[PDB]
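Every heavy atom of this structure was used, including side-chain atoms; hydrogens, water molecules and symmetry mates were not. Proteins come first, then strands; the chains are lettered A, B, ... in the order of their sequence lines, and each starts at number 1.
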Amino acid sequence: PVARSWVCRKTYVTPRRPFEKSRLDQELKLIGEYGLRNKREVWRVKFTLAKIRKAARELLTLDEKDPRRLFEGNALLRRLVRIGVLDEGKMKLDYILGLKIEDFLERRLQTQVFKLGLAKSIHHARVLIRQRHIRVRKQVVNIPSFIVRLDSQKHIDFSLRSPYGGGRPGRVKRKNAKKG
Amino acid sequence: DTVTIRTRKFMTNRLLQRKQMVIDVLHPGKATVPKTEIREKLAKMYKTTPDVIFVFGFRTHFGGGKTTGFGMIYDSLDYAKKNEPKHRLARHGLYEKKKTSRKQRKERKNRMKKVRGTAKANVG
Amino acid sequence: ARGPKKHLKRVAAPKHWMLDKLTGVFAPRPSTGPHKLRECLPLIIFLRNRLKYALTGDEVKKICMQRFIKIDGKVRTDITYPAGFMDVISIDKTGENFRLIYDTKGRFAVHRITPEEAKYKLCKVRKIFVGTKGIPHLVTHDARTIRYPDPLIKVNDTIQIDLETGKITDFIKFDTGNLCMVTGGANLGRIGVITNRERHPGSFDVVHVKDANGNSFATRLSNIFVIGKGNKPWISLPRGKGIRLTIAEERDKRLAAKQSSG
RNA sequence: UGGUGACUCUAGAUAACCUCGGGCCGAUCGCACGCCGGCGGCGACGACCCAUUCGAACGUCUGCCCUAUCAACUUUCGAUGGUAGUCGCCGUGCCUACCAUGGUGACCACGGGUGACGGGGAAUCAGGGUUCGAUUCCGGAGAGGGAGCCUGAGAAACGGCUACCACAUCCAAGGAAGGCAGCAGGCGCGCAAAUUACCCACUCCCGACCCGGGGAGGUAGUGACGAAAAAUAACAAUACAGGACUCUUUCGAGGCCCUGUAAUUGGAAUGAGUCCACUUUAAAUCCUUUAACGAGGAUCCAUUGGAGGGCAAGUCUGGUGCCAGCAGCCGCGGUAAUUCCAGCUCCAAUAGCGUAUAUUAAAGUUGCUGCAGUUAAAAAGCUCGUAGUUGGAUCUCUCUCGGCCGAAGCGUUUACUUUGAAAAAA
RNA sequence: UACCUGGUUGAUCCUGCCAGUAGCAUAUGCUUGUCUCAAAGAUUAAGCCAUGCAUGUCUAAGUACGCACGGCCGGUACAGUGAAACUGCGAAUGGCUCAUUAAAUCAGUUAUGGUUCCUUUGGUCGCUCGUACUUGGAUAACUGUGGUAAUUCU
């Protein structure tokens, strides 16, 4: 007996066919266009979208006045609208099945700091996030996979201690100034 | 630039003769504030002597902003000595832990199980 | 296993205690007492987890050994004392009194009562028997025995005990149209008027209860506790008055509270 | 008296009994206290008994893997039942005596196997399903193997005892002592699994106890079982190259958006690491925080498998010459080998990747959903026949009432379907 | 995501399996920078085990003539702290493991109106018509003499 917990799950699934040329092309397109590190990030987003589709499909089989369908579908649609993936006017379970993987990849903190103009590119965005140059609201966020919420979208700054934000120019600038 | 103390979830524990609170420390550009500095800041903030203030469990958040811990303000030093954990008193220099180890005490106890009578005091 | 067990595992503890799965391996095994193991609330859970008066079991021990906690008017120093339904917990140092009464979610609430309400409690009579020269005796749900009860009090009724004296002062019959709480099962914590009782000889009787909001439900006769005569309770009810809201109504109320608060 | 659906219940009355090993009805203890001596608060402890508080024990109903190359088993010495008893905490063939001849079985008894503790549950899975569950929760069992007990509320207890069997320690040979499937640790076994560490601070437990103890448990150590997040670079300026939603002219003019060996140039950024002080904590460590140093071949260098097909990516070069080897399969190699050994280049996943084996899907190749059986594997030589399975049509306002106005069924049973209770957590 | 692909022929269409394919579990190989969780002598041997530890326990409230300390008076019965010891309680819980075990265990359901139940809690506890302003004998701890090579022997 221990006071520990052993709850853990995988956040991705590897594809059944390892060398499907079309799938390789689409996954590489996504990686390059969103500045991802590997295929596992694509598969992670694919898996969360797939589980959302599974939940929506399970709920759509139910009666339209089932309290469980109403409650859980409303919760799922609310969670989708809150993260900015689903439009607030498209608040029906059938619009969940129309969602695409690029809708979730557009809400990443990396994509958002590239779109907001804080970075010259998407790879610059990733290296800027991992280097503690970006804060969300008041909190410094280190994780490029941080899914930015709609209310949190408008507060993404350069952090109050970064050379690009507040003061204290970095180690290289200080060394250069000292050397002359 | 100044360290700022805030008190979040305050309660007057008359059962344990103290006040309990969740302490928030704002130190935007400094390391985690020492427990002493927090004790004098709370003593100033609650108009008490610093030695009835016991603060612990200070977790600094990610990013270098605030630190959150817990604090007790006792009615008097005697009540603090009666109610505080011995280790939190020893942190203030008010208690001395036993100078021996677990192994020494255990093997001594098992050695005296062999002798009977007043000879039980001769083994050590 | 030989002999009785003396430990309770954290995950095997009653769910309504609302304990973590990471703050240790063990849950406080309640002591033997007036209430069952799975239907009680240990004093350590109440003082530490509920009221936050202690952060450890050692601080609960200090509070209880200073003789500050009274349960049904008597000082209890046992930190694993099983406190249960309708009990009164008095803390005179802080001058508060609580009654152990279920929420609609089936969990004991922190229900503060007035110091004048803390002078009595309600007990469901579990049995009545005549003994030893014909003296009637009554046994309640607190395992407390009362001699010479009113010859009108029967099983399943409710009696109002004065805690100072231990004597019966008033009683409510088990009849239709009387208010009752549910003290077990799926409908635990709900309050409503008894509408019907289906007698099943050789088996469990089933009692139907109608909510104050028109909702109806059923329980076993052992899960019914007559709270008040008619539709007026004899004790102060918790925040929710025994009305179990569906998940949708609870979500709507939470959203309204968020709008009003922020 | 009261209670249950139901007592041979509870309570009451009478006549007696009341165990040497004998039943309770208090010769116990603390604190605060004041008279001619009286009275008395609040406790501690203890004892019959009644109250299911924690249980335990024994029963009811239903459900368990493979096997017929296991078809009859039990009945002597209890096997099924009846009567009386014994024993037991009690019901009981539990055990005796007598009596009856019963009891189970093709709806699979009995026997054998299990690399079988059972369940919650796990992996995989379109709908069905298949496989697993020693393993932290619940229940059971055991403490080298058997057996028998003491104490006790509770044990057939093993960090109790007694003996035997096996093993084994010390001895001055007389004797004495033993039980890690507890925590570490050792040997052995193996394909296969970590420290003879710190602490009662947390969670709880035990005791006469606010105070002592706890290898339960927590903390750290070893740890690529496995799971989550996530570096190994980003940017700008010149030279190319590309396109332009530029002139247009397929000659060309072209810092509009782009791309590269520049192994060109340049500064900006940062954490891996070192280290200080906090913070953490029982004491530490680890995260988190702060300062100092910390990047250009940012040498602070990413690997594991592949490049004929299946299956993504070289009939490029050198060597070898049915050799050495590759190759899951097809196949390659016998003098340009797209396949071996290498160099270069390329691609797949990536702090991971290959190999072996078990298993799931793929397998509609075990088919209930859902397979086949003329010729590919397959319908008994042919009928009868018990069980099993499957079976044609047909039947459309009644018990005491102060709301036709509380109620009863005494009548015709189930399957099905819907509902309501009750149903550990994880 | 309810998916297939190579291989029997000179070629074709099949049955059909072999081999590919993805997960999951153990092992193993090569490689390994940061960080958070986290399994771990089950499989073979319920095989054998050196050593240490894992179960003890006192309140104002059972028994204190151990100066072992020790006084706000010492003809004070007992100031107080208090080792040892007698007494009470626990040691039947926990922890480990999966050998046995095939209607056995176990799960859901139900029953004890067929039993026992330390402890907790509540009730009962002058209900008996027949030295008490307190009865008896010991035995530990302690003092002292010892036996055995040897034990938590005595």
(message) If you assign C:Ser203 and A:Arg23 each to the RNA chain E nucleotide with the nearest heavy atom, which residue ends up on the more 5' nucleotide?
(response) A:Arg23
(request) For the nucleotides D:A141 and D:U135, establish whether a Watson-Crick or G-U wobble pair is present, both distances being less than 3.5 Å. (result) no
(request) Quickly work out the A:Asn38 CG to D:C353 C1' distance and round it to whole Å. (result) 14 Å
(request) Tell me whether D:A181 and D:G182 stack, counting them as stacked only when the base ring centres are under 5.5 Å apart and the planes differ by under 30°. (result) no
(request) Find the distance A:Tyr12:OH to D:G352:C1' and express it as a whole number of Å. (result) 10 Å
(message) Taking the six-membered rings only, are the centres of D:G121 and D:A122 under 5.5 Å apart with their planes within less than 30° of each other?
(response) yes
(message) Please pick, from D:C54, D:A230, D:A421, the nucleotide with the shortest atom-to-atom distance to any side-chain atom of C:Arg29.
(response) D:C54
(message) Give the residues of residues 18-27 of chain C touching RNA chain E, defined as any heavy atom closer than 4.0 Å, sorted by residue number.
(response) none
(request) Give the nucleotide from the list D:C137, D:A229, D:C204 with an atom nearest to the side chain of A:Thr11. (result) D:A229
(message) Checking contacts here: which listed nucleotide (D:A348, D:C210, D:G214) is nearest the side-chain heavy atoms of A:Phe19?
(response) D:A348
(message) Quick check for you: among D:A348, D:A230, D:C199, whose closest atom lies nearest to any side-chain atom of B:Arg102?
(response) D:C199
(request) Pick the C1' atom in D:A84 and in D:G93, then give their distance to the nearest Å. (result) 14 Å
(message) I'd like the P distance from D:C158 over to D:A141, given in whole Å.
(response) 11 Å
(message) From the set D:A230, D:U53, D:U203, return the single nucleotide nearest to any side-chain atom of A:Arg126.
(response) D:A230
(request) Looking only at side-chain atoms of C:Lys61, point me to the closest of D:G213, D:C211, D:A229. (result) D:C211
(request) Give a yes-or-no answer on whether the side chains of B:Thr67 and B:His27 include a donor-acceptor pair shorter than 3.5 Å. (result) yes
(message) Work out how far the P atom of D:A168 is from that of D:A173, and round it to whole angstrom.
(response) 24 Å
(message) So D:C132 and D:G121, Watson-Crick or G-U wobble pair with both distances under 3.5 Å, or not?
(response) yes
(message) Of the options D:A426, D:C200, D:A234, whose atoms approach the side-chain atoms of A:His124 most closely?
(response) D:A234
(request) Consider the side chain of A:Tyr164, meaning its heavy atoms from C-beta on, and name the nucleotide among D:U281, D:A268, D:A229 that approaches it most closely. (result) D:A268
(request) Taking atom P in both D:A155 and D:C90, compute the distance separating them and give it to the nearest angstrom. (result) 15 Å
(message) With a 4.0 Å cut-off on N to O distance, would you call B:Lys81 and B:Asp78 a salt bridge?
(response) no
(message) Is there, by distance only and without an angle test, a donor paired with an acceptor across the side chain of C:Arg2 and the base of D:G152 below 3.5 Å?
(response) no
(message) Please pick, from D:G214, D:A424, D:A201, the nucleotide with the shortest atom-to-atom distance to any side-chain atom of B:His87.
(response) D:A201
(request) Select base, sugar-phosphate, or nothing to describe what C:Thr77 touches, counting heavy atoms under 4.0 Å on all strands. (result) nothing
(request) Assess whether one donor atom and one acceptor atom, taken from the side chain of C:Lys154 and the base of D:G2, lie less than 3.5 Å apart. (result) no
(message) As a test of reading the structure: which of D:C205, D:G420, D:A291 is closest to the side chain of C:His7, going by heavy atoms?
(response) D:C205
(message) Tell me whether the NZ or CZ atom of A:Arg132 lies within the 45° cone about the ring axis of B:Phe62 and under 6.0 Å from its centre.
(response) yes
(request) Kindly check the sign of the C1'-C2'-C3'-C4' torsion at E:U1 and name the resulting pucker, north or south. (result) south
(request) Could you tell me whether B:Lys103 and B:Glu107 have a side-chain N and a carboxylate O separated by less than 4.0 Å? (result) no
(request) With the thresholds 5.5 Å for ring-centre distance and 30 degrees for plane angle, say whether the bases of D:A244 and D:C245 stack. (result) no
(request) Under 4.0 Å between any heavy atoms, over every strand shown, what does C:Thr140 touch: base, sugar-phosphate, or nothing? Just pick one. (result) nothing
(request) For D:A407 versus D:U390, give the span between their P atoms, rounded off to a whole number of Å. (result) 45 Å
(request) Report the residues that fulfil side-chain contact (heavy atoms from CB on, under 4.5 Å) with C:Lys154, sequence neighbours left out, ordered by chain and then residue number. (result) C:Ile128, C:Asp157, C:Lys173
(message) Over 60° means perpendicular and under 30° means parallel, so tell me whether A:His133 and A:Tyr164 are parallel, tilted or perpendicular.
(response) tilted
(request) Tell me whether the guanidinium CZ or amine NZ of B:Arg88 lies under 6.0 angstrom from the six-membered ring centre of B:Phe54 and within 45° of its axis. (result) no
(request) Mark yes when both conditions hold for D:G223 and D:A224 (six-membered ring centres under 5.5 angstrom, interplanar angle under 30 degrees), and no otherwise. (result) no
(request) Name the first nucleotide and the last nucleotide along RNA chain E (5' to 3') that come under 4.0 Å of a heavy atom in chain B. (result) E:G52 to E:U152
(message) Counting only Watson-Crick and G-U wobble pairs whose two distances fall below 3.5 Å, is E:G122 partnered with E:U26?
(response) no
